[PDB]
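Spelled out, the chains give:
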Amino acid sequence: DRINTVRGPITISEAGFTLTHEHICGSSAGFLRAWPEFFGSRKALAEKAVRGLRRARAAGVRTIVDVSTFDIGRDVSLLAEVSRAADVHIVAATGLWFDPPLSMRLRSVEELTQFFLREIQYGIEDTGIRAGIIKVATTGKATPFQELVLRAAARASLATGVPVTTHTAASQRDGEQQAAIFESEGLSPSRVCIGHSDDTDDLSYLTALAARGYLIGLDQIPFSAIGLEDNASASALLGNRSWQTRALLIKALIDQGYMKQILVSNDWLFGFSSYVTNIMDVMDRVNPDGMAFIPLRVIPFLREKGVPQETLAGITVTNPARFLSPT
Amino acid sequence: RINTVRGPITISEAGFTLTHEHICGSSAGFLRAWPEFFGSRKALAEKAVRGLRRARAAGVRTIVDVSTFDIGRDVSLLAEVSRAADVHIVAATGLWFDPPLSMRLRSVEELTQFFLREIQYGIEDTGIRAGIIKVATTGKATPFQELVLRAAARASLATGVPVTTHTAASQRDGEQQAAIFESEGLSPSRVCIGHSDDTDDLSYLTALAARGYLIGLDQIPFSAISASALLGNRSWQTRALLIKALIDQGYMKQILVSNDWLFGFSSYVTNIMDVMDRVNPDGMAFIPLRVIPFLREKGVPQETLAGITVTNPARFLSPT
Ligand SMILES: [Co+2]
Ligand SMILES: [Co+2]
Ligand SMILES: [Co+2]
Ligand SMILES: [Co+2]
């Protein structure tokens, strides 16, 4: 019944409309502290984040799950500052993404389990802020290290009850390998979200995972590089599929009877240093609504297509609550 | 004046200086996210204070911590241990072998601005300014490594702060690094070609010293007679004899000596710090306790050894 946020423990009824895969800043370990001028200043980034979260709140958002791990440069102090200023609950993450430094990548599965447990049970750094989710990743076939991370995440989830969420290359069907590794450790599918799943039109892959009890992360809805095909960097990140196509997968999974397995988000950020220089400016031009894209543009889109309000409320409120609750 | 973690110091205050050392070899943000890996931050700090105090009692007055952003440099820890041990510590900027995505995707102009920020403004929100730029290559330089060496040269040219390198001495890296630094217009007197004691080729070292380069004979205690691939198969005496060999060639003023020691090591296998502590119990005190008396026994005078340990580092670190 209680989940950990950057402001402390809250009850699941307080969570409300929740965006399950978001970021305040997409960076690297220690980067924001060492070079805040990359984002203008730390103050400029904080103010931009507060404006965006306040706009999201006005649109209906009550909670966002910041899936930024240590290697994505998660700065919990920044998350706490912006959460309080915008009055939007933010759930922090532990885990490891695809840029682990030497001190992380040379560790055993036992050592990684203890790190994840430290961030969930004790706290992140010296802040006392506890992680409420574990973020892991693969991009195609898992490397020997990525396999250890998935196993460590599963062991950390089994000891705490906190969920696991993933980054995938949906086109390569990564969810199947991830799922197999999680189950080999005894982890329940109901504790896992196979993210970036809206990057494929293969409904057979999505429904099969949904049938096993997995939560499906249709989390990059505003990602579209239509209009900017001359920009190779933006095209590789955002893709050539429209927001409408990504959004119709929510309808397709409801129509197949898997409304309870759907998690929706924007995968948005206010700062982005782990990619090419002016990517944040390009992204803000594509989607000016930012994190508010789901309640403002996606929810009314699905309403006119025939999806009931109680099903949409069930996806945005009930599903994240069941997912985030420690069991 | 040379910038330290406790503020500016004059050239005369530097004294006996170890030019390539580390308080902790880690990764960006690692020490603050998982201090329990080292026992605790308090335990690491206490071990560092004892090791620096031991080096101080052996004659050392200043150490240059060449730990970069990606080696997990924590300047606030460096400042704490420096105060407690009464040893000056010069912090570093630059990039090593483990840059994260936010660093490795940057242009030469952006990396120059980062290095400049750490030298001119300060490191993080501490106000502590770097007094040396650390860079690295393993064999033939990768496209990104070339960008870093160029950004390092440009940061040095705008500030007067020196550049120190990590090399794969067996693959003759110093020659390529030298060509890149020179193409940028950087004076050889502002560059130290480090890890140069890992080779038996004297002709390579003398040729670089003739061009005006400072030779970093900095891994003297490294001997393994995963632990064998890091320390090497050669003895400390063989590495120490290279100092004498370069003095005999008339390049006394071009030599910089150090230990390349640390008190915490997380960027390698789990129990490597314990393995390293058995091999060399002297730690950072290895140079004044074992290397200097060894050289005095081989016929090297005191004024020459004082020239290598006091005069050369002071001239190298002094912003020119
Ligand atoms: Co992702
Ligand atoms: Co994301
Ligand atoms: Co080195
Ligand atoms: Co070193």
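Entry numbering is not used for residues: they are numbered from 1 along each chain in the order the sequence is written, which may differ from it, and residues without coordinates are omitted. Chain letters and ligand numbers both follow the written order, the letters beginning at A and the numbers at 1. Side-chain metrics rest on all non-hydrogen atoms present in the structure, leaving aside hydrogens and water.

1. Focus: the coordination of the cobalt ion (ligand 2)
Residue and element names in this part refer to chain A.
Phase 1: All of the protein donors around the cobalt ion (ligand 2) are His21 (NE2), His23 (NE2) and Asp267 (OD); their distances to the metal are 2.0 to 2.3 Å.
Phase 2: Only N, O and S atoms count as donors, using a 2.8 Å cut-off from the metal and 3.2 Å for Na, K and Ca, and because water is excluded some sites may appear unfinished. All donors of the cobalt ion (ligand 2) come from a single chain, and their spacing in sequence reads H-x1-H-x243-D.
Phase 3: Separating the cobalt ion (ligand 2) from the cobalt ion (ligand 1) is a gap of 3.7 Å. Taken as a pair, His23 in the loop between strand 3 (18-22) and helix 2 (31-34) and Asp267 in the loop between strand 11 (262-264) and helix 12 (279-286) lie far apart in primary sequence, 244 residues in all. Helix and strand definitions here come from DSSP, where helices need a minimum of 4 consecutive H or I residues and strands a minimum of 2 consecutive E residues; each element is numbered from the N-terminal end.

2. A few points about the UniProt feature "binding site: Zn(2+) 1" in chain B
All names here are of chain B.
Phase 1: UniProt feature "binding site: Zn(2+) 1": in the numbering of this structure it lies at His20, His22, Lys134 and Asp260.
Phase 2: Summarising the element assignment, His20 is placed in strand 3 (residues 17-21).
Phase 3: Sequence-distant contacts of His20, that is, excluding residues within four places in its chain, are made with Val64, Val66, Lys134, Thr164, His195, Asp218, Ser258, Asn259 and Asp260.
Phase 4: Assignment of secondary structure puts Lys134 in strand 7 (residues 132-136).
Phase 5: Here a residue-residue contact requires only that any non-hydrogen atoms of the pair lie within 4.5 Å. With residues near it in sequence (within four places) discarded, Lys134 still touches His20, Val66, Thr68, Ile71, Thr93, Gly94, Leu95, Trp96, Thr164, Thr165 and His166. UniProt positions are given in the numbering used here, feature names are shortened, and annotations may be inferred rather than shown by experiment.

3. Details of the UniProt feature "binding site: Zn(2+) 1" in chain A
Residue and element names in this part refer to chain A.
Phase 1: The UniProt feature table records "binding site: Zn(2+) 1" at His21, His23, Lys135 and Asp267. The largest pairwise C-alpha distance within this set of annotated residues, which runs over 247 residues, is 13.0 Å, so the set is compact in three dimensions.
Phase 2: When you line up the elements, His21 lands in strand 3.
Phase 3: Whether a residue is buried, partly exposed or exposed follows from its accessible area with a 1.4 Å probe, protein chains only, as a fraction of its type maximum: under 20%, in between, or over 50%, in that order. Given the relative accessible area of 2%, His21 is considered buried.
Phase 4: Not counting the four nearest positions on each side in its chain, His21 is found in contact with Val65, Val67, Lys135, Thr165, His196, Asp219, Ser265, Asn266, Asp267 and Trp268.
Phase 5: Every residue in contact with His23, bar those within four places of it in the chain, is listed here: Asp66, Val67, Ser68, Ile72, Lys135, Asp267, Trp268, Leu269, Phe270 and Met291.

4. Quick word on the sheet that holds strand 6 (residues 92-94) of chain B
All names here are of chain B.
Phase 1: Spatial strand order, 6-7-8-9-10-11: six strands in an open sheet with parallel pairing. The sheet terminates laterally at strand 6 and strand 11 (255-257), the two strands that pair on one side only. On average, adjacent strands in this sheet sit at an angle of 30° to one another, irrespective of strand direction.
Phase 2: Helix 14 (residues 302-317) contacts strand 7, strand 8 (163-166), strand 9 (191-193), strand 10 (214-217) and strand 11 of the sheet and is inclined by roughly 105° relative to strand 11. A pair of strands is considered paired only if DSSP assigns at least 2 bridges between the two. Only the contacting stretch of a helix is used when fitting its axis, a line to C-alpha atoms as for every element, and angles between N-to-C directions run 0 to 180 degrees.

5. A short note on the interface of chain B and chain A
Interface size, as often reported, equals the accessible area lost upon joining of the parts.
Phase 1: Across the contact, 33 residues belong to chain B and 32 residues belong to chain A.
Phase 2: A quick way to say it: buried area is the sum, across both parts, of accessible area lost when two parts are put together, with a 1.4 Å probe. For the pairing of chain B and chain A, the buried interface totals around 2,700 Å² over both sides, and the portion due to carbon and sulfur atoms is 57%.
Phase 3: Salt-bridge detection follows one rule: a side-chain nitrogen of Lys or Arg within 4 Å of a carboxyl oxygen of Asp or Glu. Where chain B packs against chain A, one counts four salt bridges.
Phase 4: A salt bridge links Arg105 of chain A to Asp98 of chain B; the shortest N-O distance between them is 2.9 Å.
Phase 5: We call two N or O atoms a polar contact when they sit within 3.5 Å, provided that within protein one can donate a hydrogen and the other can accept it, with sequence-adjacent residues counted only if both atoms are side-chain atoms. Where chain B packs against chain A, one counts 20 residue pairs in polar contact.
Phase 6: Of all the secondary-structure elements, those providing two or more residues to the side of chain B that touches chain A are helix 2 (30-33), helix 5 (101-104) and helix 6 (108-121) of chain B.
Phase 7: Sort the elements by how many residues they give to the side of chain B that touches chain A and helix 6 of chain B lands first, with six residues.

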